[PDB]
Structures are given as C-alpha cells and as structure tokens.
Ligand SMILES: [Fe+3]
C-alpha cells in the first residue's frame, strides 16, 4: 500500500458518497468547504492546486457547478467523471434558468443509488488495481441507501397528502418532493443573483395563506432572512434549516450524506408536527 489514490470532488455531498465507496484505498476531498455556497463558488489558485494533484475529479453536472468547466480547463492530465449520468432530470420551472435540469438530484434516495453506481464505475476505470474493493464497498453502501428509503417514505406519508406543501428558500427539493408527493413552493428556483427579491416573497406568501401551509424552511448555505420574513408575515412557523447543498463539518450534526437525508426529512416532518 504505497500512496492512496486521490479523488477530488466539487462539493461535500459527493465527497461523502465517494469516500464510502473508496473505503481505505482512496482519499476523497471536496473543493468547497462545508457551509460554502456551491452554485456560484469562485475557485482560487489553491483550488487549482488541490485538483491538479488529484488522480480523479468528480462533479455533479446538471448545471450545478457554474464554475467547474472553466476551472477544469486549468487542470492537466487528471480524468474527470460526471456522477449524474443516467438520472432523469426535473426542469427548473421559472426564472432565468427555467427549462434546464434541476441539479439537486441527490435529494432522492433512489437517485443516490445511481450516483453510487457512477462513482463506482469511475473509480474502477481509473484505479483498476482496487476494483474489487470499490465494488465491495459500493454494494454495501448501496444496500444502506436502498434501505434508507422505506422509513423516510413512511414518515412523510403521515402528512396528509393535500397538506404536503414543501415551502423552502431555494427550490432545491424538487427530487425529494417528487419521490414523496409534496407540492413545491420556493422563494427562488436556484441559487443565483436574485434571492428574496419582492414578487418572489409575495407569491410565496399568497400560496401560504390560501392553503394555510403551517411551516417554511431555509437551507444551510444561504440566508435565513427571507424565510423568517415569510413566516413573520403569515401563519407559518419557521421550520429551521434543511440541508441540501452542503454537509456540516465532520464534528457537526450533518457529517454524512445519510445524515443529511435523515436530518432534512426529520426537520420537515417535525415542521408538520410529525
Ligand atoms: Fe442549491
């Protein structure tokens, strides 16, 4: 066991999934830090260094990392793989990004199985000496992710179907909402320039009041102020922060992808009174 195969990912969700497949034969690091905004992140010379010293670079595609393709052109002789191949996208419904794929496909546990299979194939292709370990680790992790779905689905099914309204800041939860039958309301469709401007706020306020939606949420890499504004003006309680674009630090409450799905689903269910 000389030097461990080095994998660099764009953000922390992919880092944790890939580290579970790599096990102890590879080290996986994320370019963005926990808590950092990933859509419009601005790479630094130190990020170039990290990616250039990798053996494999992983990214989401589906229009998530607006910075990645310009950044990756600075990198020489390091293979890359997009980990969303074979996932059927949901389009962004409005705004300047309307009609393109919604990137947040990892918020569906079923989609996470496809992430695992793509990351496995990329590790096996570019570090073939350890293929048996990658294959074993992916089979074990896919079994955890597969089993994850049933208890989450049952928990959210307790919410009456006609009251299943997921009101968030970024419209980052479209794939989770589809899986579990939630109608989706958000202050902005995807992180970009306009985030909490008027028109956006008042539309969400109108849908809340008409449907008596009991809770509204923010997310961990953006400001909580628009959601708290919405809850102050309506009957909705502020449900807290959901995790989608970033894990927490390893010593925080959301250190893993499994913990992220569990925490987001639990926070939603609590927002509805379980
Ligand atoms: Fe996002």
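Chain A is numbered as in Swiss-Prot, which gives 38-311 for the residues shown.
Cβ atoms are placed via backbone N, Cα and C, with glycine included.
Here's what Swiss-Prot has on this protein:
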BINDING   76, 141, 207, 282  Fe(2+) binding site
Residues within 8 Å of the 76, 141, 207, 282 Cβ centre (excluding the Fe(2+) site residues themselves): 75, 101, 140, 209, 227, 228, 256, 258, 281
Close in space, distant in sequence - residue 76 (Fe(2+) binding site), Cβ under 8 Å, 6 or more apart: 101, 102, 103, 140, 227, 228, 229, 282
Binding-site residues compared (207, 282) - the one with the fewest other Cβ atoms within 10 Å: 207
For residue 141 (Fe(2+) binding site): intrachain residues, at least 6 apart, with Cβ closer than 8 Å: 101, 209, 210, 211, 212, 281, 282
Reduced DSSP assignment, residue 207 (Fe(2+) binding site): strand
